[PDB]
Amino acid sequence: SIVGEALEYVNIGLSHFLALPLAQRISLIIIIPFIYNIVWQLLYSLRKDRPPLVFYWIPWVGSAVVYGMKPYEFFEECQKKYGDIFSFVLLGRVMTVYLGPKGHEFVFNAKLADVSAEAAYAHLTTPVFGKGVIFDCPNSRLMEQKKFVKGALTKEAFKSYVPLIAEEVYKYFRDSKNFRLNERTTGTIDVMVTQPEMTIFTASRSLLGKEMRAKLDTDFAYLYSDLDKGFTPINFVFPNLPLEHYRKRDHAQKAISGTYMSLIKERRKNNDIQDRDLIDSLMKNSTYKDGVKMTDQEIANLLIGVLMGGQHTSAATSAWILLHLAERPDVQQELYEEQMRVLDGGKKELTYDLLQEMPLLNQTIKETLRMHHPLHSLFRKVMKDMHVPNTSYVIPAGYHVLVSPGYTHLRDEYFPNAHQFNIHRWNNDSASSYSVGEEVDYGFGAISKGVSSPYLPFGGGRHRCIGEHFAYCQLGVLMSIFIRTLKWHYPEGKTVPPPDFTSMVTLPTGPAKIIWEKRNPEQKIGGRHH
Ligand code: HEM
Ligand SMILES: C[C@@H](c1ncncc1F)[C@](O)(Cn1cncn1)c1ccc(F)cc1F
């Protein structure tokens with residue numbers, strides 16, 4: 001009755017294994033993790049305290065390809081098979097998705113102790129933005145940064161921003177090669193070229209000021225492009241490796257944060273600190289509640305982060321607005337009439353207050369954000385085991401949770417005929433968003449306590465957007481002027497492009513071209529240009 005002799009053959013087997021020919025060793029080096037992965041998934045499927053796990057063939061990679069390319073189609077199939085809670089493996093991480101309004105509640109209103117945004121995102125954002133801000137700091141520091149930034153985003157600030165943003169749009173119609181309205185009465189444009197440029201010109205001028213805007217007229221502009229390239233999903237898996245892409249990013253962050261710091265120390269030197277812009281505002285208001293001041297480097301870093309985030313969501317969105325309106329001359333006509341009524345045939349100057357009396361214009365923004373949530377997925381890293389209410393499911397620490405309000409935006413259940421563009425579904429409901437009941441303050445002002453609205457373009461809970469009113473102001477001024485100045489349509493045979501879901505925001509697949517025409521071919525934009 002000896003089993004020790006089997007224990008010998010274990011040792012013998014280990015030794016024969018290590019002496020296999022290389023062609024068999026390498027072969028096993030592949031085949032063993034493969035086989036184990038399959039065996040492990042099958043075993044996992046037995047657990048009742050775990051949501052269903054999407055099956056996958058390639059270890060570590062998981063469902064990355066189909067999630068990367070077609071995430072809403074991936075979610076819809078998964079939802080059909082498993083219901084609203086399911087997991088899937090993604091480049092080494094386990095993502096637990098919770099679709100629908102209950103998922104919105106589960107993730108956006110999760111306790112600070114249970115989940116972490118910075119543990120999910122910092123490896124992406126910190127190299128691009130800089131140290132000490134956003135996700136390179138505790139949540140309570142982020143809470144207060146948002147509060148500081150929000151202090152320059154007031155009604156009175158928006159009133160002074162509107163004419164600056166308008167000036168920038170008109171200058172862009174005047175000077176950009178894409179328009180030249182004093183020289184051309186019609187032309188073709190790629191909206192993925194024009195919208196990122198108009199967005200940076202308008203956001204710089206208003207949030208950063210004239211100096212920083214003037215800088216965009218120089219080679220300095222290319223640093224933003226460089227810094228921009230580092231803001232990609234590839235940094236999500238390979239945040240640092242010695243390629244040139246990574247060094248131009250690092251250099252740009254230094255050069256740009258350097259430029260903001262120079263301005264700041266200049267203003268403080270001359271005591272030229274007023275109430276013009278976000279820089280003025282963070283110079284007067286950036287001391288945390290424990291007495292610690294933000295450094296000039298941290299202020300600069302925060303400016304980069306805020307502008308870059310606001311850059312991509314807004315540029316994506318105005319691109320989509322243009323793209324949906326290009327096959328909807330009926331809606332352009334309707335918007336044009338509202339412009340004529342609110343601005344007295346154009347004899348009134350556009351102001352912030354008049355912007356608020358343009359419901360059809362804001363409804364168009366609202367509907368575009370419904371069909372095109374620029375962030376298709378939001379993540380948190382799970383920090384403690386989470387029990388899913390009314391289920392037997394437990395999400396263990398180390399998993400990630402993924403929420404996707406953009407997906408629910410496209411469901412017929414919540415939005416009848418959700419794939420049709422219809423600004424009138426928001427009739428009598430043109431607010432950018434609104435809390436349906438009770439409110440709470442996490443540090444940056446009172447916001448909706450419930451996050452169960454099927455429409456959640458700005459998220460909710462402690463990580464909620466603070467730029468929505470600035471985005472509406474910017475998009476509003478911009479579209480008010482496009483509409484009053486131009487008509488536009490598609491080249492023959494072209495229609496609304498499909499989304500490119502592989503980028504950081506879900507911009508349209510380019511080239512996305514429209515043909516524009518002056519409503520008033522003889523109208524001229526004044527001012528000087530070289
Ligand atoms: C159409 C435009 C925009 C949309 C749809 C949008 C959307 C969002 C969403 C969904 C979040 C929540 C992120 C999460 O829960 O993980 C967020 C957060 C945030 N956004 Fe926006 N955003 C827009 C424009 C802007 C602009 C223009 C700014 C700045 C001027 C801005 C600044 C911020 C900041 C500072 C946060 C907080 C991040 C956090 O607490 O984790 N956003 N935004
Ligand atoms: C972290 C980042 C993000 N990017 C992509 N998928 C998910 C994300 F959370 C983002 O939320 C995007 N964003 C939101 N509003 C504008 N931009 C963000 C927030 C604050 C910020 F200062 C800069 C910034 F990029």
Side-chain angles (χ1 to χ4, degrees), residues 71 104 107-110 112 115-126 128-130 133-137 139-150 152-153 157-158 161 195 199-200 202-204 206-208 228 230-233 235-236 277-278 301-321 365-366 368-370 372-381 401-406 409 432-433 442-444 447 451 455-476 478 501 503-506:
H104 302 172
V107 176
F108 286 124
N109 263 352
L112 186 64
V115 308
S116 168
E118 72 266 38
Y121 286 129
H123 295 87
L124 166 67
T125 56
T126 307
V128 180
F129 304 159
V133 300
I134 318 291
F135 292 134
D136 190 44
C137 55
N139 185 254
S140 51
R141 287 295 197 243
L142 172 59
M143 291 308 99
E144 296 200 80
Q145 287 156 20
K146 296 171 66 170
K147 170 180 78 189
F148 305 149
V149 171
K150 215 192 165 158
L153 300 177
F158 297 134
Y161 290 176
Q195 290 333 100
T199 303
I200 188 64
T202 55
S204 295
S206 56
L207 293 167
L208 301 180
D228 204 21
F231 194 56
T232 45
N235 295 10
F236 237 148
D277 53 37
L278 182 54
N301 290 359
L302 183 58
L303 292 166
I304 293 175
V306 163
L307 268 283
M308 197 182 298
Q311 166 71 22
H312 290 101
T313 49
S314 180
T317 301
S318 62
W320 287 121
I321 297 175
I365 304 181
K366 196 161 181 177
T368 304
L369 285 171
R370 186 187 64 75
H372 303 283
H373 199 320
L375 314 173
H376 70 71
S377 291
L378 304 166
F379 317 117
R380 310 284 186 264
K381 199 181 168 185
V401 282
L402 183 168
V403 61
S404 188
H409 290 188
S432 55
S433 74
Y442 298 95
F444 54 93
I447 58 168
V451 189
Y455 187 65
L456 271 191
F458 297 100
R462 67 181 58 257
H463 287 289
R464 196 180 187 287
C465 190
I466 53 165
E468 105 179 67
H469 300 109
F470 174 82
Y472 264 76
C473 176
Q474 174 177 58
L475 295 168
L478 186 120
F501 294 94
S503 189
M504 273 282 103
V505 304
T506 313

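Whatever order the structure lists ligands and atoms in, that order sets their numbers, starting from 1. Just so you know, residue 1 is the first one in the sequence shown, and it goes up from there.
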Review point. What is the nearest protein non-hydrogen atom to atom 5 (C) of ligand 1, stated with its residue, atom name and distance?
Key: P457 O, 3.4 Å
Review point. So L378 and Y121, side-chain contact (heavy atoms from CB on, under 4.5 Å) or not? Walk me through it.
Key: CA-CA 10 Å; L378 304 166; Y121 286 129; 4.0 Å; yes
Study note, to complete from the structure: Under 4.0 Å from one or more heavy atoms of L142, ligand 1 contributes atoms 39 (C), 40 (O), 41 (O)
Check your understanding: Should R464 and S433 count as side-chain neighbours, where that means a heavy-atom distance under 4.5 Å?
Key -> yes
Practice item. Output yes when the distance from some N or O of ligand 1 to some N or O of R380 is under 3.5 Å, and no in every other case. Key: yes
Check your understanding: Looking only at distance, does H463 have an N or O less than 3.5 Å from an N or O of ligand 1?
Key -> yes
Practice item. Mark yes or no for whether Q145, through its side chain, and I134, through its backbone, hold a donor-acceptor pair below 3.5 Å. Key: yes
Check your understanding: Should we count NE2 of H123 as having more than 12 external heavy atoms under 6.0 Å?
Key -> no
**Study point:** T317 neighbourhood, listing ligand 1 atoms whose heavy-atom distance to it stays under 4.0 Å
**Key:** 1 (C)
Check your understanding: Taking all atoms of both residues into account, what is the closest heavy-atom pair of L456 and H373, and its distance?
Key -> O-NE2, 3.3 Å
Review point. Among protein atoms, how many N/O/S atoms lie less than 2.8 Å from atom 21 (Fe) of ligand 1?
Key: 1
Practice item. List the atom of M504, the atom of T232, and the distance in Å for their closest heavy-atom pair. Key: CG-CA, 3.8 Å
Practice item. State, yes or no, whether a side-chain contact exists between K147 and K150 at a heavy-atom distance under 4.5 Å. Key: no
Point to revise | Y472 to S432 - nearest heavy-atom pair and separation | key: CE1-CB, 3.2 Å
Practice item. Mark up the atoms of ligand 1 that fall under 4.0 Å of a heavy atom belonging to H373, in ascending order. Key: 10 (C)
Exercise for review: Check each heavy atom of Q474 against ligand 1 and say whether those closer than 4.0 Å belong to the side chain, the backbone, both or neither.
Suggested key: neither
Exercise for review: For ligand 1, note which part of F379 has a heavy atom under 4.0 Å away: side chain, backbone, both or neither.
Suggested key: neither
Between ligand 2 and the protein, find all N/O pairs closer than 3.5 Å and give the distance for each.
from	atom 1	to	atom 2	distance (Å)
ligand 2	17 (N)	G309	O	3.3

Practice item. Would you mind listing which atoms of ligand 1 come within a distance below 4.0 Å of any non-hydrogen atom of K146? Key: 37 (C), 40 (O)
Check your understanding: Closest heavy-atom contact between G461 and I447?
Key -> O-CD1, 3.3 Å
Review point. Where on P374 is there a heavy atom closer than 4.0 Å to ligand 1, on the side chain, on the backbone, on both, or on neither?
Key: side chain
**Study point:** Proximity of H409 and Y455 rings by center, below 6.0 Å
**Key:** yes
Study note, to complete from the structure: Under 4.0 Å between heavy atoms, the region of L456 that gets near ligand 1 turns out to be neither
Review point. After noting the C-alpha distance and the side-chain angles of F444 and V149, does the key distance pass the side-chain contact (heavy atoms from CB on, under 4.5 Å) rule?
Key: CA-CA 9 Å; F444 54 93; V149 171; over 6 Å; no
Exercise for review: Begin from the C-alpha positions of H469 and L153 and carry the test side-chain contact (heavy atoms from CB on, under 4.5 Å) through to its verdict.
Suggested key: CA-CA 8 Å; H469 300 109; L153 300 177; over 6 Å; no
Practice item. Take every heavy atom of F135, measure it against each atom of ligand 1, and state whether any distance is under 4.0 Å. Key: yes
Review point. Do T506 and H372 pass the side-chain contact (heavy atoms from CB on, under 4.5 Å) test, and can you show the C-alpha distance, the side-chain angles, and the key distance before you say yes or no?
Key: CA-CA 7 Å; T506 313; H372 303 283; over 6 Å; no
Exercise for review: Taking all non-hydrogen atoms of both residues into account, name the closest pair between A152 and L278 and its distance.
Suggested key: CB-CD1, 3.6 Å
Point to revise | 4.5 Å side-chain heavy-atom contact, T202 and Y161 | key: no
Point to revise | Atoms in ligand 1 flagged as close to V306, the criterion being non-hydrogen separation under 4.0 Å | key: 29 (C), 30 (C)
**Study point:** Shortest non-hydrogen contact from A110 toward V115
**Key:** CB-CG2, 3.7 Å
